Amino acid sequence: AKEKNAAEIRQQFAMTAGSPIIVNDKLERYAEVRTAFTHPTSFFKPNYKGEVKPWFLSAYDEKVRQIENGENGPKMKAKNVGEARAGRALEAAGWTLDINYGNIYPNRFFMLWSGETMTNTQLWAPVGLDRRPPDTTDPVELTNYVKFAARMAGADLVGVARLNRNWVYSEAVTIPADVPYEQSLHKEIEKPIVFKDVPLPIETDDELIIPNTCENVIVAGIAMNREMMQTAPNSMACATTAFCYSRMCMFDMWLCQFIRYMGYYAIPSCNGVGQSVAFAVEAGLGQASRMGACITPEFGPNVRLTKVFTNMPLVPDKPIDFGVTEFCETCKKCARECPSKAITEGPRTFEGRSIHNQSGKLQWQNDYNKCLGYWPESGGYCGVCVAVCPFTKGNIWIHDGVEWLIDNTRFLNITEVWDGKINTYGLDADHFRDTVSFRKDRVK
């Protein structure tokens, strides 16, 4: 006659301890300014009138053009102008709790490295939870507590790894502390991230200082909505992306406060501080893939990541190998469907394709300037590679009577989305049992 079981799947494919990422001697920490979103070589893109602008402003011009022409995406006619409008209103509102598309500035706005000034900390100050020494130092108990809190805080997946500094940005993109929001985009700077023998995360005029005791990284997966992502590259894919960034932000703040009130310190990050995919792989959420994302058993790549760094003692999780690398070796669906041909069809190498790649680690090397170039053209955040990946299909797992396996057969419109199935936070009750959690699967 067997119903899907993520705990069994993860146990079946668990590896022995050790970072799965393969590196050589060319590896150096990566300056965040090099990402396509920020680097001068990629930052500017033409709009549909040929005017060269910051990429997100050129994308804005295309969003406005599509609404006026009753389109939900590039050459994709909406039911009417009102439907086109509704999709961009949903997208825009999803970003409500996110600063400048990613919350990357460390220790600014929502991403504070200390809780001292937050209104919640001030209200609770008489209890002294953030000043009382920890009552628990046992990593086993702390891992159970912090993972339970993580699920409360909106994570669909949570894992723990030792912090690998190779993936922490050599220098962050940030703004001076005295610069108000309305000037932030004009006053962005770089600032080194360094590790020193200090008791608490602290920021000087010159440096963002992470303590040498910052042992661990907690990684969260924030599930996006399948029906909406499958509209990629059209507006509804932008909306599930946007809403999950605000979920990421709430997660980080909730969890950091929990960790602080347990007597440790905690650094939030969302898209800042370090490379989420690498942390997620080392924390066992999933495997790296040809497109470059972390592919998870539960959601494929259709899941966002955030992470929190802490000195709280924790038990690292085991990495997972459910065969993604070998599937990506033969699949190439994302490479073939990518509207900008940004994804390589070749083998993995240690050699960066351009400045946006960190050389010295074995991965599929993609041209992320080509990817970013398609966003102003399509007026969105694309996501076609996520949408076409077979691992994004909700039912890829089958049980053969003995064990779990991937179904190889899987590798061979917006009005209906607005009118169709939805549930709280865009989660799907047909799959929400995938992420049920008991102590047995939080810590062994």
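Each residue number is its position in the shown sequence, starting from 1.
Trainee: Of the other PDB entries for this protein whose models extend past residue 412 on both sides, does at least a third leave it without coordinates?
Mentor: Comparison shows residue 412 dropped in at least a third of the other entries.
Trainee: Would you mind checking whether any residues of the deposited sequence sit unmodelled between residue 412 and residue 413, and how many (none, 1 to 3, 4 to 9, 10 or more)?
Mentor: Missing residues, residue 412 to residue 413: 10 or more.
Trainee: Output the stretch having the higher mean C-alpha B factor in the entry; the candidates are 346 to 354 and 99 to 107.
Mentor: Mean C-alpha B-factor is greater for 346 to 354.
Trainee: Of 71 to 79 and 240 to 248, which one has the bigger average CA B-factor?
Mentor: Higher of the two, by average CA B-factor, is 71 to 79.
Trainee: Among 22, 427, 15, 436, which carries the highest Cα B-factor?
Mentor: Max CA B-factor in the entry, restricted to 22, 427, 15, 436: 15.
Trainee: Just the C-alpha B-factor column, please: which of 139, 301, 87, 233 has the biggest number?
Mentor: Max CA B-factor in the entry, restricted to 139, 301, 87, 233: 139.
Trainee: Classify residue 223 as lowest, middle or highest third according to the C-alpha B-factor given in the PDB entry, relative to its own chain.
Mentor: Within its chain, residue 223 is a lowest-third residue by C-alpha B-factor, going by the deposited values.
Trainee: Sort the modelled residues of this chain by their C-alpha B factor and say whether residue 381 lands in the lowest, middle or highest third.
Mentor: Residue 381: CA B-factor falls in the lowest third of its chain.
Trainee: Report the third (lowest, middle or highest) to which the CA temperature factor of residue 192 belongs, ranking only the modelled residues of the same chain.
Mentor: For residue 192, the deposited C-alpha B-factor lands in the highest third.
Trainee: Would you please rank residue 267 by its C-alpha temperature factor against the other modelled residues of its chain and give the third it falls in: lowest, middle or highest?
Mentor: Tercile = lowest for this residue's CA B-factor.
Trainee: Once the chain's modelled residues are ordered by C-alpha B factor and cut into thirds, is residue 296 in the lowest, middle or highest one?
Mentor: Lowest third, going by the recorded CA B-factors of the chain.
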